[PDB]
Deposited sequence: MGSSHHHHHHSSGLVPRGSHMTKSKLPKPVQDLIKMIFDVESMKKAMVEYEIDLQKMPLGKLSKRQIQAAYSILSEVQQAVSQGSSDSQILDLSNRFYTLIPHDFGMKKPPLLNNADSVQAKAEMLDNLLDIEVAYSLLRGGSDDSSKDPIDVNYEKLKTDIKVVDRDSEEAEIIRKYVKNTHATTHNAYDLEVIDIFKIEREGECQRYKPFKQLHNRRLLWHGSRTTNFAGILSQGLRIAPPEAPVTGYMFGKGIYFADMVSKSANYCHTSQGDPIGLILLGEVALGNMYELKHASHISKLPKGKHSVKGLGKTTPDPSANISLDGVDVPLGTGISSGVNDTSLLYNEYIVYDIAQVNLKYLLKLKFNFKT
């Protein structure tokens, strides 16, 4: 009965895949009986973030093993885990705290996906409408597809040699309310078409609610430029955040129009609470940048699809550029790509 094109139906099945959600939770060693998908709650996850912030503070402060163990046990009480024969890993380093924070980020979007899914017509059409997003297939033979394929081909980083990328499908997307929300930023200068990678299990949340900023209660660990929305001009830097594997080599990646305006240019980590007055974004400066002479205009937006060349910058923490905005209204999502990851083994 569903009149949606086959590629769009396949996308809906992929994003609302309950088996992918359960597999993710098993990998995280979550107790699926004590915290089923339907029992995930914002208030409990909020409280879990706060505890992880206390753990992060305890670890860097060099607190006693007693107070670290206490906080570690409090986290596992809020978010039940099942380690089987193995005892529960002690949360006593920054990497472990960041891994649990990123698990919570993914769990929240899985909760959104499951709540939508269980919230006459073909089930595929019903679930499509719940995304509150217009999704159209971009024709393979179109100049539009040629530009996007070239962006993918040209901006694969030399140091990301674990996989090759193949574009399966290109979708043009329009989130309900996003045009009205973006309107004020639409006439800002320096609008750029940039990559945003995420786990497939996040995309129901991303399409229904848009790209969002980490809450205050989330720990600061791994936010190089503070709590904002991060984008790449190199497809492979973003593609890495799809967290695809040989077992599941199909990923989803966004092209967003980002209203960057006056960029605060940084070479090193700075946890931005407030931009300098007159700045609209941060650019992390990479050693390698898309060749600016190959910059193209797609529907009034700059597409940096040039091959990676040396920037001017040797004295930087970053191999590749990154772009951060601190207002959700500065992003207009344009395309969603289904990518095949061909791992080299």
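Stretches of the deposited sequence left without coordinates are 1-22, 142-146, in sequence order.
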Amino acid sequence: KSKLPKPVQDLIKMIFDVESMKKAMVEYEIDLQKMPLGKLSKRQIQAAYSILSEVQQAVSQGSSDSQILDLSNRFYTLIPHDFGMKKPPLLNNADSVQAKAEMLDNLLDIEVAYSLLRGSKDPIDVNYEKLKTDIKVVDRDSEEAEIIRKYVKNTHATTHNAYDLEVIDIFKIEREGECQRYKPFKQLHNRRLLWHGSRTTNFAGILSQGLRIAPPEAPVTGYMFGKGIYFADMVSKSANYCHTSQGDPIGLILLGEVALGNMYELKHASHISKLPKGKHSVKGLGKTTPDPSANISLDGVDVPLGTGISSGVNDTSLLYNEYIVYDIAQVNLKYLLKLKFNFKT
From here on, numbers count along this sequence of modelled residues.
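Think of the rigid core as the biggest set of C-alphas that the two forms share within 1.5 Å after superposition.
Superposing the other copies on the rigid core and comparing 287-295 to 31-39, farther C-alpha placement in 5 other deposited structures of this protein marks 31-39. Relative to the displayed structure, the C-alphas of 90-98 lie farther away on average in 5 other deposited structures of this protein than those of the other candidate, with 148-156 and 90-98 compared after rigid core superposition. Of the two segments examined, 80-88 and 186-194, it is 80-88 that shows the higher average Cα temperature factor in the deposited entry. In this crystal structure, the stretch out of 316-324 and 288-296 whose C-alpha atoms carry the higher mean B factor is 288-296. The residue among 126, 101, 211, 263 whose C-alpha atom has the highest B-factor in the PDB entry is 126. Highest C-alpha temperature factor among 282, 52, 35, 303, as the PDB entry reports it: 35. Sorting the modelled residues of the chain by their CA temperature factor places residue 256 in the lowest third. Per the PDB record, residue ranking by Cα B-factor puts residue 160 in the middle third of the chain. Looking at the C-alpha B-factors along this chain, the one for residue 238 belongs to the lowest third. Residue 202: CA B factor in the lowest third of modelled residues in this chain (values from the PDB entry). Sort the chain's modelled residues by C-alpha temperature factor and residue 134 lands in the middle third, per the entry.
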